[PDB]
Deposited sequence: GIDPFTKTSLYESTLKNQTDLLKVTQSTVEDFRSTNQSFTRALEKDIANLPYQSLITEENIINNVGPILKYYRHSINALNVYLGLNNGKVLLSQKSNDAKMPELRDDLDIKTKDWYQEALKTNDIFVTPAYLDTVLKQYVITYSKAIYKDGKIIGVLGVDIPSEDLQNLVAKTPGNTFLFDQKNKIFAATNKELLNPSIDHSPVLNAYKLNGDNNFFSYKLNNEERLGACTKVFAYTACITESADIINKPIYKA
């Protein structure tokens, strides 16, 4: 292959694969920002209630509860809730259409979504974890809600992590996402989810090359091409065979 031609093929495929990597990055970004906007809107609607509606538990149930429910329905969230400093949490949960209940048994001050919300003025986004209420893996968005400077409680919104997984999987390209512990999280090719697959070659090549920088690596003595980039605490990657440049 004339070097001119090989370079043309390499430049083309780098552009192609870069573009697809960016689509997967965008998917992750847009998922987060939609959920943040939602959480912010809910914060605002709660905080705009008069204090009278907020300062007794029965009023929280009757005035906040409907808001949690409507918001939960509007986005098909798994759980939407407001945790109070007395350790109770007003919980709107998926599934029997019973009204939101004020639960005293959920150990909320032990939870990262609660604690961490009180240490930042931003929305806090958890890693994926197993929700204690409905026993599904969720990503939680939490926010300490204040009215005229006084804490009301900590809002939480649980979105199934499978929702993000499914969005990533639908994207074009052989793209995939690792979580903060560098464990595979999502992939267009579901086979990459096998927990016994070794991802060191890709992850090592990423470590050397940095975000969005295309690299070459080997699999079973054949050349492949790829790139990764950080997206929040996740690492998004794309790989392909190098046959496009070599053959």
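- Residues of the deposited sequence with no modelled C-alpha atom fall in the ranges 1, 97, 250-254.
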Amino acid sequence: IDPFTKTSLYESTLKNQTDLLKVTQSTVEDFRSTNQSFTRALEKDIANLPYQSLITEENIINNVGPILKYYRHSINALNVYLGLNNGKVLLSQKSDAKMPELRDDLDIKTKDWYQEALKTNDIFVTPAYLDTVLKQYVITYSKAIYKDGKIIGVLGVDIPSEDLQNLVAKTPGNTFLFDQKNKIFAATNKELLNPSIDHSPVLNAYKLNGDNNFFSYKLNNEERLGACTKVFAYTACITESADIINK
From here on, numbers count along this sequence of modelled residues.
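- In the comparison with other entries of the same protein, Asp105 is given coordinates in all of those covering both sides of it, so it never reaches the one-third threshold.
- Looking at the other PDB entries for this protein, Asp96 is absent from the model in a third or more of those that include the residues around it.
- Look at the C-alpha B-factors of 49-57 and of 214-222. On average they run higher in 214-222.
- Higher mean CA temperature factor between 115-123 and 150-158: 115-123, per the PDB entry.
- Going by the entry's values, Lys207 shows the largest Cα B-factor out of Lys69, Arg32, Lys207, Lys44.
- Reading the B-factor column for the CA atoms of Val64, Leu203, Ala187, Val28 in the entry, the top value corresponds to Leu203.
- The deposited CA B-factor of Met99 belongs to the highest third of values across its chain.
- Per the deposited record, the Cα B-factor of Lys88 falls in the middle third when ranked against the other modelled residues of its chain.
- In the deposited entry, the Cα temperature factor of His73 places it in the lowest third of its chain's modelled residues.
- Compared with the other modelled residues of the chain, the Cα B-factor recorded for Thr24 ranks in the lowest third.
- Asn166: CA B factor in the middle third of modelled residues in this chain (values from the PDB entry).
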